[PDB]
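As a starting point, one isolated chain is supplied in C-alpha cells, in the form deposited in one PDB entry.
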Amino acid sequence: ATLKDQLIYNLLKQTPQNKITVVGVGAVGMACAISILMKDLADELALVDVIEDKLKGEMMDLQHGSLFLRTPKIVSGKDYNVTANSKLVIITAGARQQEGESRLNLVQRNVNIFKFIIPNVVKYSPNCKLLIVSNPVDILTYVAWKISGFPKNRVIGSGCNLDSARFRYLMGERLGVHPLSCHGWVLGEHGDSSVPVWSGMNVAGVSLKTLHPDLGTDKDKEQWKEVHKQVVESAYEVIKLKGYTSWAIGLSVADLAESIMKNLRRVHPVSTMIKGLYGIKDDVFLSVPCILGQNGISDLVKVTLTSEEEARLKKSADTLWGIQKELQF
C-alpha cells in the first residue's frame, strides 16, 4: 500500500462553514487576506483575480505560511467556482485613484468591472454578505445592491469605518489616549464630502464640544477642523508617499469582517441606504453608524446632528446622488 494508507485509516468518506472570499489580489486585497488570516475569522479563504501568475503566486505564498495560521484551506482561481459557499465576499477589485484624482472619477471603470464580478459572486454564494471596498465605495455599494439583487442588509460598503479610525487615531494623538477610548464619527461619503460629527466626539462620555464650544468652527484656536481635513487628505498623503494605501484599509475591513462573522452587533460607520433620513429622498448610499452582524446591517443608529452637521451630510448625499445619475447597467 501507499505510505498514506499504511499510516492512516480513513473513516470518511464536507462544505466549508466560515468561508471568506476576497476578490482582487492587489495590495488592498492582500492586506485584507493577511489580516483576516491572522484574526482566525475563516476556515477557508478564497482568492480571485484576472491575472493568473500573480494570483497563484499570492495563494502559494500564504499557503507556505499555513503552519503559522489556523485557516486550513486556502484556494484561488480566475473561475468563481472556488468562491462557492462563502459567508462573506469582500470586493477589492478595480481601478484606484492617482494623486489628484477623485475616487468619484473611478466610477465607469469600476462599475463595468462590477457587472462581471457581482453576478459571479452571487452565483456561487447567494447567501453571503457582500462587503464592497472598491471605490467610490458608496456608489459601488449601491451598484452591487442593484446588480446582486440582495436585500440591503447583505450589501455593506467599507465606507467611513477607516475615516473614523483615522479620526480616532488623530484624536488620540492630540489627547494622549488610545484611539479605542476616543469616540467620534466621520459619516457620509468616504471621500472629499465626509462629515465630521463634532457633537458626538467624546472621551469617557464627556462631550468635547461641551468642554470646548469652538470645536469644529473656523474660530477654534486649537484648529480641530484640521483633524478632519487630515482625514479627508490621508489617502492622498499616503498615496503621495508610498504610491498606494493597504494596511489601514485591510485592518478596517478585518474589523468589519470580525463583527459580521462572529455576529457581534458592534456599531460601525459603513455604507448603506439612507433614503428617509436627514431629509434625503433618493436611493443614496453613504455611511451612518450601523449595527453589524451575521445578517450584515440589521439596524441603523439615527445619529442626532446639529443643523450644520445635517446640512453637510445632505450635501454629501446630493454630491453622491449626482454621480449616481451617471450609472448605466
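Under this definition, the rigid core comprises the largest set of C-alpha atoms superposing within 1.5 Å between the forms. Just count from 1 along the sequence shown to find any residue number.
Asks: Between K13 and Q14, how many deposited residues lack coordinates (none, 1 to 3, 4 to 9, 10 or more)?
Replies: Missing residues, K13 to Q14: 1 to 3.
Asks: Please work out which of 275-283 and 293-301 has the higher mean CA B-factor as recorded in the PDB entry.
Replies: Per the PDB record, 275-283.
Asks: Where do the C-alpha atoms have the higher mean temperature factor in this entry, in 19-27 or in 311-319?
Replies: Here the higher of the two C-alpha B-factor means belongs to 311-319.
Asks: According to the deposited entry, which of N135, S259, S158, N81 has the largest Cα B-factor?
Replies: That would be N81.
Asks: Looking at the temperature factor on the CA atom of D40, which third of the chain's modelled residues does it land in?
Replies: Ranked within chain, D40 CA B lands in the middle tercile.
Asks: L55: which third of its chain by C-alpha temperature factor?
Replies: Lowest third - that is where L55 ends up once the chain's C-alpha B-factors are sorted.
Asks: Quick one: classify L130 as lowest, middle or highest third of the chain based on its Cα B-factor.
Replies: As the PDB entry reports it, the C-alpha B-factor of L130 lands in the lowest third of its chain.
Asks: Split the chain's modelled residues into thirds by Cα B-factor; is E233 in the lowest, middle or highest one?
Replies: Middle third, going by the recorded CA B-factors of the chain.
Asks: Hey, what third does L208 fall into on Cα B-factor, ranked over its chain?
Replies: Ranked within chain, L208 CA B lands in the highest tercile.
Absent from the display: the form deposited in another entry. The rest refers to it.
Asks: Scan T217, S207, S102, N153 for the one whose CA shifts by 2 Å or more between this form and the one not shown after superposing the rigid core, and name it.
Replies: Meeting the 2 Å or more criterion is only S102.
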